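Visitor: From first to last, the protein sequence lines stand for chains A and B.
According to full-length UniProt numbering, the first sequence holds residues 33 to 415, 427 to 505 in order.
According to full-length UniProt numbering, the second sequence holds residues 102 to 202 in order.
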Amino acid sequence: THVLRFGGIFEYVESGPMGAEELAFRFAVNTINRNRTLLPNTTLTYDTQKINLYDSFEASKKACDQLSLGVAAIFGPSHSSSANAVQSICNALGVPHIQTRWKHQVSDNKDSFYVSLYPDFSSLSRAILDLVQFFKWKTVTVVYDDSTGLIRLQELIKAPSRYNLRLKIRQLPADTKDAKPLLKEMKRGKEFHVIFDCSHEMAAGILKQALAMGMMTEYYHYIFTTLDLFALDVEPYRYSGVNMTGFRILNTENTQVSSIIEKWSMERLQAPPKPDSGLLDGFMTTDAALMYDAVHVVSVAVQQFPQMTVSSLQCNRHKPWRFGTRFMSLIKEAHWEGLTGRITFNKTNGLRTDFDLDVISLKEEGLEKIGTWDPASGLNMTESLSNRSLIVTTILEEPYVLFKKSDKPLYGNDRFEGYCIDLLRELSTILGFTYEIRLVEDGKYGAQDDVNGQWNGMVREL
Amino acid sequence: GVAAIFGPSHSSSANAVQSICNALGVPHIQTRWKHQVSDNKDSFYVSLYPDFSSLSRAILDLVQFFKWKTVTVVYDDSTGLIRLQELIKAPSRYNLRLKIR
Ligand SMILES: *[C@@H]1O[C@H](CO)[C@@H](O)[C@H](O)[C@H]1NC(C)=O
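Put into structure tokens, the structure is as follows:
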């Protein structure tokens with residue numbers, strides 16, 4: 033059988049023996065060759081190196097060392113800076129490159145030897161806009177971890193030009209977790225709708241600090257554009273009363289996906305996640321799922337490309353790789369499906385813009401799925428009585444409605460008294476009424492506001 | 102035989118050359134604005150283009166001095182919003198009506 037090794041450049045760490053992306057790559061590599069369903073007459077192999085993800089020169093060195101040997105494909109690092117150098121090297125030598133974590137793509141860079149399994153942030157931003165349209169919001173507060181968040185989410189920022197929205201963008205300071213000034217500023221603006229554009233670890237941390245600030249009220253609504261929001265411990269938030277909504281691509285509601293996540297949680301028993309950090313345990317991180325799907329679709333493409341003789345392309349001198357064109361084409365229209373649901377590549381760019389999304393909202397139960405988002409269909413939100432309570436609202440005027448003048452605190456509908464109260468009593472004893480008296484929360488009459496026509500009291504209560 | 106480097110005027114190319122120069126120790130004296138990743142730990146380099154933090158807040162100073170109420174920012178491509186961050190965050194602390202196009 034054919035033997036091919038996929039050049040891998042993953043994170044170098046010292047606390048954990050090997051990085052989660054490295055675990056995903058190794059697991060999928062040993063799974064594909066083991067399972068004769070994929071690659072029956074071809075044996076898998078790999079070549080994993082370690083970089084700091086910032087010294088792009090050393091990443092280039094590792095990539096050059098890999099290409100000096102036979103490499104089937106390059107699975108570039110998950111950094112927003114070093115990946116550019118690796119993809120440039122791959123394009124120069126005509127070798128396929130498969131990113132997994134999103135990076136900014138220079139619109140003036142004409143490189144056709146790279147793909148990005150991470151859903152394109154333009155599509156995700158459009159989905160966020162569609163969801164906010166479904167929520168009819170007016171005041172929003174977008175927050176980002178890195179400055180790249182502005183690039184990641186721009187469609188919603190432009191939206192107030194298209195629609196009647198309003199934005200107030202604030203930044204999470206670096207090298208700190210002091211969200212308290214940011215949250216205090218949020219209260220000073222009464223920004224009940226807030227969007228958190230940060231990774232799931234930072235999202236969980238800032239959620240913990242918000243709960244410690246008592247930000248889990250019903251009035252506050254949260255959206256987390258990250259795809260690992262499901263992996264947060266919603267146990268303190270199951271009864272917090274938040275209407276939080278989020279997105280998901282890991283199609284956990286599948287037998288094969290459940291088996292894979294269970295096996296992966298079994299494998300990662302060496303470095304358990306810290307329980308006292310607001311993070312769940314035994315779950316598939318979205319980046320690992322993307323790496324899994326990326327290597328699987330590469331395997332699917334090379335299934336249709338049996339002639340996969342590798343070479344020893346150098347960096348001291350450059351030479352085009354003869355198998356790049358058609359193999360990368362097969363990569364581009366490799367329509368395989370896995371943990372992230374549907375996987376396909378927009379042939380115009382290579383960034384996946386057509387992908388399933390699990391719309392996730394928070395209720396009493398933990399992170400229910402309230403529908404599905406698709407690029408073609410936009411947002412797909414689908415989801427008298429004899430013993431009917433007769434709720435009424437009334438204002439306390441002594442000639443009309445006065446509380447029962449009893450020293451003992453009276454309960455039930457008997458505590459209410461007056462002309463209107465007894466008139467309602469007569470209506471209930473004449474007609475069929477399950478009468479109950481509820482005091483008006485506004486305490487004032489319906490006033491025609493010149494600002495927005497906002498009523499109050501009985502009018503806006505009805 | 103070199104003792105200094107003047108990198109290209111571009112994000113990715115200058116980033117790569119800066120990393121190479123840091124590894125080799127020679128300075129990489131870039132002359133064009135680029136977005137350094139906030140967690141970058143490189144030293145041997147310097148940029149002369151006015152960083153869009155003092156210049157962005159200078160645009161903010163112009164906005165306040167002109168006393169605008171309805172500002173409509175317009176940019177060129179993705180790496181422009183990441184560059185005028187202070188102007189984007191200004192409406193939180195003041196009265197602005199950014200409708201970005
Ligand atoms: C939308 O979701 C519903 C179930 O929630 C499903 O029956 C339907 O096929 C989906 N698509 C469309 C276009 O309605």
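Even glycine gets a Cβ: it sits at the ideal position worked out from N, Cα and C.
Output needed in chain order: residues of the segment 205–230 of chain A with a Cβ under 8 angstroms from some Cβ in chain B.
Guide: Per Cβ criterion, the list reads 206, 217, 221.
Visitor: Whose CA, out of 116/B, 117/B, 200/B, 125/B, lies closest to the CA of residue 103/B?
Guide: Working through the second sequence from its first residue, we reach residue 103/B at position 2. Nearest of 116/B, 117/B, 200/B, 125/B to residue 103/B, Cα basis: 125/B.
Visitor: What in chain B is Cβ-close to residue 86/A, meaning under 8 angstroms?
Guide: Position 54 of the first sequence holds residue 86/A. The contacting residues are 120, 138, 140, 141, 142, 143.
Visitor: Could you compute how far the alpha carbon of residue 196/A sits from the alpha carbon of residue 189/A?
Guide: For the purposes of this step, residue 196/A is identified with residue 164 of the first sequence, where counting begins at 1. For the purposes of this step, residue 189/A is identified with residue 157 of the first sequence, where counting begins at 1. Distance between the alpha carbons of residue 196/A and residue 189/A is about 12 angstroms.
Visitor: Of all the CB atoms in chain A, is at least one closer than 8 angstroms to the CB of residue 116/B?
Guide: Your numbering for residue 116/B matches position 15 in the second sequence. By this cut-off, residue 116/B is an interface position.
Visitor: Run through chain B and tell me which residues come within less than 7 angstroms of residue 497/A, C-beta to C-beta.
Guide: Reading the first sequence from its first residue, position 454 is the one you call residue 497/A. Chain B residues near residue 497/A: none, gap ~22 angstroms exceeds 7 angstroms.
Visitor: So the beta strand (DSSP E) residue 280/A belongs to, where does it begin and stop?
Guide: For the purposes of this step, residue 280/A is taken as the residue at position 248 of the first sequence. 277–280 is the span of the beta strand (DSSP E), which, as asked, contains residue 280/A.
Visitor: Taking 7 angstroms as the cut-off, is the CB of residue 404/A close to at least one heavy atom of ligand 1?
Guide: Taking the first sequence and counting its residues from 1, one reaches residue 404/A at position 372. Checking the Cβ of residue 404/A against ligand 1 gives yes.
Visitor: Less than 8 angstroms separating the beta-carbons of residue 149/A and residue 326/A?
Guide: Locating residue 149/A in the first sequence gives position 117, where the first residue counts as 1. Locating residue 326/A in the first sequence gives position 294, where the first residue counts as 1. Yes, Cβ-Cβ distance for residue 149/A and residue 326/A is below 8 angstroms.
Visitor: Would you say the beta carbon of residue 409/A is closer than 7 angstroms to some non-hydrogen atom of ligand 1?
Guide: Residue mapping note: residue 409/A aligns to position 377 of the first sequence, counting from 1. Result yes, Cβ under 7 angstroms from ligand 1.
Visitor: Distance check for residue 434/A and residue 92/B, CA to CA, integer angstroms please.
Guide: No answer is possible for residue 92/B: the residues shown for chain B start at 102 and end at 202.
Visitor: Hey, is residue 179/B's beta-carbon within less than 8 angstroms of any beta-carbon in chain A?
Guide: The residue you call residue 179/B lines up with position 78 of the second sequence. Taking Cβ atoms only, chain A reaches closer than 8 angstroms to residue 179/B, which makes this a yes.
Visitor: Residues of chain B with a CB under 9 angstroms from the CB of residue 192/A: which are they?
Guide: Counted from its first residue, the first sequence places residue 192/A at position 160. Within chain B, the residues near residue 192/A are 198, 199, 200, 201.
Visitor: Taking the alpha-carbon of residue 230/A as reference, which of 219/A, 249/A, 254/A, 216/A has the nearest alpha-carbon?
Guide: Within the first sequence, the letter at position 198 stands for residue 230/A. Cα-wise, what sits closest to residue 230/A is 254/A.
Visitor: Taking only heavy atoms of ligand 1 into account, decide whether any of them is closer than 7 angstroms to the Cβ of residue 412/A.
Guide: Translated into positions along the first sequence, residue 412/A becomes position 380. The answer is yes for residue 412/A.
Visitor: What is the DSSP secondary structure of residue 45/A, counted as helix, strand or coil?
Guide: Reading the first sequence from its first residue, position 13 is the one you call residue 45/A. Three-state result, residue 45/A: coil.
Visitor: Please report the distance separating the alpha-carbon of residue 199/A from that of residue 280/A.
Guide: Here residue 199/A refers to the residue found at position 167 when the first sequence is read from its first residue. Here residue 280/A refers to the residue found at position 248 when the first sequence is read from its first residue. Cα to Cα, the separation comes out at about 24 angstroms.
Visitor: So, is the C-beta of residue 131/B closer than 8 angstroms to a C-beta in chain A?
Guide: Within the second sequence, numbered from 1, the residue matching residue 131/B stands at position 30. No - not a single Cβ of chain A is within 8 angstroms of the one on residue 131/B.
Visitor: Please report how far the alpha carbon of residue 445/A lies from the alpha carbon of residue 451/A, in whole angstroms.
Guide: In the first sequence, residue 445/A corresponds to position 402, counting from 1. In the first sequence, residue 451/A corresponds to position 408, counting from 1. Looking at the two C-alpha atoms, the distance is approximately 15 angstroms.
Visitor: Which residues does DSSP pair with residue 169/A in a beta bridge?
Guide: Walking along the first sequence from the start, residue 169/A turns up at place 137. DSSP lists no partner for residue 169/A.
Visitor: Identify each residue in the segment 157–181 of chain A for which the Cβ-Cβ distance to at least one residue of chain B is less than 7 angstroms, and report them in chain order.
Guide: Within the segment 157–181 of chain A, the residues whose Cβ lies closer than 7 angstroms to some Cβ of chain B are 178, 179, 180, listed in chain order.
Visitor: By how many angstroms is the C-alpha of residue 430/A removed from the C-alpha of residue 471/A?
Guide: For the purposes of this step, residue 471/A is taken as the residue at position 428 of the first sequence. For the purposes of this step, residue 430/A is taken as the residue at position 387 of the first sequence. The straight-line gap from Cα to Cα measures roughly 14 angstroms.
Visitor: Would you mind telling me which residues of chain A sit closer than 8 angstroms to residue 104/B, beta carbon to beta carbon, in chain order?
Guide: Start at 1 with the first residue of the second sequence, and residue 104/B comes out as number 3. Ordered by position in chain A, no residue passes the 8 angstroms Cβ test against residue 104/B, which lies about 18 angstroms from the chain.
Visitor: Is residue 186/A close to chain B, meaning its C-beta is less than 8 angstroms from at least one C-beta of that chain?
Guide: If you number the first sequence from 1, residue 186/A lands on position 154. Yes, its Cβ sits closer than 8 angstroms to a Cβ of chain B.
Visitor: Taking all protein chains shown into account, decide if residue 493/A is buried (16 or more other Cβ within 10 angstroms of its Cβ) or exposed.
Guide: Position 450 of the first sequence, counting from 1, holds the residue named residue 493/A. Exposed.
Visitor: Please report how far the alpha carbon of residue 342/A lies from the alpha carbon of residue 121/B, in whole angstroms.
Guide: The count along the first sequence starts at 1 and reaches residue 342/A at position 310. The count along the second sequence starts at 1 and reaches residue 121/B at position 20. Going from the Cα of residue 342/A to the Cα of residue 121/B covers about 28 angstroms.
Visitor: Take residue 401/A and list the residues in its own chain whose beta-carbon comes closer than 7 angstroms to its own, dropping the five residues that flank it on each side.
Guide: Within the first sequence, residue 401/A is the residue found at index 369, counting from 1. Excluding residues within five positions, the ones whose Cβ falls inside 7 angstroms are 390, 391, 392.
Visitor: Going by alpha carbons, who is nearest to residue 227/A out of 169/A, 206/A, 379/A?
Guide: Start at 1 with the first residue of the first sequence, and residue 227/A comes out as number 195. When only C-alpha atoms are compared, the closest one is 169/A.
Visitor: Interface residues of chain A around residue 112/B at Cβ under 7 angstroms?
Guide: For the purposes of this step, residue 112/B is identified with residue 11 of the second sequence, where counting begins at 1. Correct list: 138.
Visitor: How far does the beta strand (DSSP E) with residue 81/A in it reach, from first residue to last?
Guide: The residue you call residue 81/A lines up with position 49 of the first sequence. Residues 74–83.
Visitor: Can you name, in chain order, every residue of its own chain whose Cβ lies under 6 angstroms from the Cβ of residue 324/A, other than the five neighbours on each side?
Guide: Position 292 of the first sequence, counted from the first residue, corresponds to residue 324/A. Here the set comprises 56, 60, 371.
Visitor: Whose C-alpha, out of 260/A, 158/A, 191/A, 34/A, is nearest the C-alpha of residue 399/A?
Guide: Translated into positions along the first sequence, residue 399/A becomes position 367. With distances taken between Cα atoms, residue 399/A lies closest to 260/A.
Visitor: List, in order along the chain, the chain B residues whose C-beta lies closer than 8 angstroms to that of residue 189/A?
Guide: Locating residue 189/A in the first sequence gives position 157, where the first residue counts as 1. Correct list: 182, 189, 201.
Visitor: Please report how far the alpha carbon of residue 282/A lies from the alpha carbon of residue 223/A, in whole angstroms.
Guide: In the first sequence, counting from the first residue as 1, residue 282/A sits at position 250. In the first sequence, counting from the first residue as 1, residue 223/A sits at position 191. When rounded, the distance between both Cα atoms is 30 angstroms.
Visitor: Is the beta carbon of residue 127/A closer than 8 angstroms to that of residue 353/A?
Guide: Within the first sequence, numbered from 1, the residue matching residue 353/A stands at position 321. Within the first sequence, numbered from 1, the residue matching residue 127/A stands at position 95. In contact: residue 353/A and residue 127/A (Cβ atoms closer than 8 angstroms).
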